[PDB]
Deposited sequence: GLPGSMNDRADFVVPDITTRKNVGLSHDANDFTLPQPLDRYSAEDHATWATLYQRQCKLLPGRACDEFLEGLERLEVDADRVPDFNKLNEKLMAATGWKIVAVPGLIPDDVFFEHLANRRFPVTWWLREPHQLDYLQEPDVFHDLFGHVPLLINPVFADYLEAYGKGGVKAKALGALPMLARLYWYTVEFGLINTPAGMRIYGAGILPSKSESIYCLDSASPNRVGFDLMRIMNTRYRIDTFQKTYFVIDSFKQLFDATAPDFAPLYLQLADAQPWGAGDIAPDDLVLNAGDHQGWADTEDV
């Protein structure tokens, strides 16, 4: 049997723009159970993350006043975020079209899935805990925020050249699953890792995954999988290094990559700096 997925179930009776796919955050749809689920996830992660999350992330939670005991009011958070870096979050029903996503980032709007996972499934699909808790705190960092805006603006060129998957790989291996080295050890900045109960341990503690120095061409030539822990994590030295490394013209890189065989998710390339 085919049954409606969680995105369809959660958005019953609600609407989305056919242009920018936003809706006002439906505060009335959050149950007591949702706020409790948020509180449980928030508590779990805030216990686990010290000494694992990069310090900028944990500071962002505090400076944005991300609620510990309820699903945050997006408008209230936006007061703090707009003052910091001129960004705002917008509510979306779930996954949105790539062009809309890029257009949002290009305009300093970060799309956040409004609804929350059920306590039964504390998942695959992005929810508000992943999108808000995982992605938003680093937007208070001006270099990271500029990186996301630049990434957004880059969507037009990528789409024109049939290279959106190459940009998607870059996003995945930085914004979603990135690690950052520090003198105190490796830390986490990827939004896919920070909300997780188990990958946050594995990515720093396990001998299994490869930890490879960031390399733009390598990353855009590297496949990924969505339903398993990462076999490779890419490591930056700073958000500045990441912004600068991604500032050159990607057009000739895309054309060269278009004609190449990509690395598998678990491969170590000949030129990898393995850490």
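- According to the record, the deposited residues with no C-alpha atom in the structure span 1-11, 134-135, 289-302.
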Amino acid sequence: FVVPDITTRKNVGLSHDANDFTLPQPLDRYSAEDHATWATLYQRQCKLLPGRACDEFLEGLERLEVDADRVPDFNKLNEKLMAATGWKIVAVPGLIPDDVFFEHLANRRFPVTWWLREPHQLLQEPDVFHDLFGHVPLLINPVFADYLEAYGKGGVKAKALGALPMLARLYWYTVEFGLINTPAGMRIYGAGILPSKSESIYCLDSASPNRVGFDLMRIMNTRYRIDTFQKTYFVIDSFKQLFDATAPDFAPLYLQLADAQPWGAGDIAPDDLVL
From here on, numbers count along this sequence of modelled residues.
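- Of the two segments examined, 184-192 and 85-93, it is 85-93 that shows the higher average Cα temperature factor in the deposited entry.
- For the pair 76-84 and 164-172, the mean Cα B-factor is higher in 76-84.
- When the C-alpha B factors of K153, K159, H120, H135 are read from the deposited coordinates, the top value falls at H120.
- You'll see in the entry that, of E149, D205, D131, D98, the Cα B factor peaks at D98.
- Sorting the modelled residues of the chain by their CA temperature factor places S31 in the highest third.
- Among all modelled residues in this chain, the alpha-carbon of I226 has a temperature factor (C-alpha) in the highest third.
- Sort the modelled residues of the chain by CA B factor and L116 lands in the middle third.
- Per-chain ranking of the deposited C-alpha B factor places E103 in the middle third.
- Ranked against the other modelled residues of its chain, the C-alpha B-factor of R52 as given in the entry falls in the lowest third.
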